[PDB]
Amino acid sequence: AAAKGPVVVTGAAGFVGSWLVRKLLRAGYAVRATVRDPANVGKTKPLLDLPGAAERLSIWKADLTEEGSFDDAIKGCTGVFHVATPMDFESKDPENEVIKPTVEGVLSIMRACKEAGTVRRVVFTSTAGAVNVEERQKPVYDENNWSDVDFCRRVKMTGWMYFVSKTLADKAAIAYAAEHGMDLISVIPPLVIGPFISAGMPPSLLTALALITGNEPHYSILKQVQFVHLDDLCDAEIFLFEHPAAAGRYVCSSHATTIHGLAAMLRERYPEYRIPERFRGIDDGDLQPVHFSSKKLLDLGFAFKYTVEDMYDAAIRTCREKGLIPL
């Protein structure tokens, strides 16, 4: 059996990327994993240790701020999964140090894909922050809703530079694709929870586990939150790449709840962990869930495998093997 056309995974050393490499290898693909520094044995070793990596995984050096650095890796590939994004949201010129670099990085990826000629489809990983960051929160969001970038630059909530970065990059990738007749899929995941291979806690699990720990600054994120299992997300990205009828934006969210609802589930499911009853910065009002509809993805025939219980069972375990207390 011949390896499925070589596909690139950008940011392969990361939380989402590394697991996507695992799943693409398992599905019979030759995977070209790109990282900013393949000489960093620490970050590269987990990838090379993956099942099937010896035969079908290769590591490539590339940087989103370095025009053309992805040309060699993409050349000859049938698909590109763009998961990398700049994550340094603590600068003093976010427009020029985060926003523009994020949009120029995605556009340069698209250019390299066009030049290659061999790429039939690009799968861009967006974020829920490109959908529902507006002044008036709606009860249901789908792939047709777009964050209000003007609103973000006005009130500058926590993480505003990231919402505008991804929202503008998402819009720019689509516009470039349509202008040059390219096949682009944009996948919108909420907070992603699941196993990780890095020795450090993924930033999404710091939020997900903020109730078990005492990570109070993350409480506002859990106020009205949506979840997806990392495995479901990666499987959906492979599904959407292989389905000939797939096109456009897709929401990949399997669970919506509130901080109060999440506290209850962890209370009944983990008596071993002390779950508070009240959370600073969050009143005792009426909180209803905000739903991210994945109808478009499910209509194509995709099905989620994991529940929110599966997610937290997997996160607590991997973390328990290091960065969190067993309490």
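Start at 1 and count along the sequence shown; that's the residue number.
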>> Test of understanding: from the entry's C-alpha B-factors, which stretch has the higher mean, 283 to 291 or 256 to 264?
In response: 283 to 291
> Hey, which bit's got the bigger mean C-alpha B factor in the entry, 266 to 274 or 22 to 30?
Replying inline: 266 to 274
> Of 200, 139, 129, 189, which one's C-alpha B factor is largest in the deposited record?
Replying inline: 200
> Highest CA temperature factor in the entry: which of 170, 231, 95, 242?
Replying inline: 95
>> Split into thirds by Cα B-factor across the chain's modelled residues, where does residue 318 land: lowest, middle or highest?
In response: highest
>> Splitting the chain's C-alpha B-factors into thirds, which one does residue 44 fall into?
In response: highest
> Which third of the chain does residue 143 land in by C-alpha B-factor: lowest, middle or highest?
Replying inline: middle
> So where's residue 53 on the chain's Cα temperature factor ranking, which third?
Replying inline: highest
> According to the PDB entry, is the CA B factor of residue 72 in the bottom, middle or top third of its chain, that is, lowest, middle or highest?
Replying inline: middle
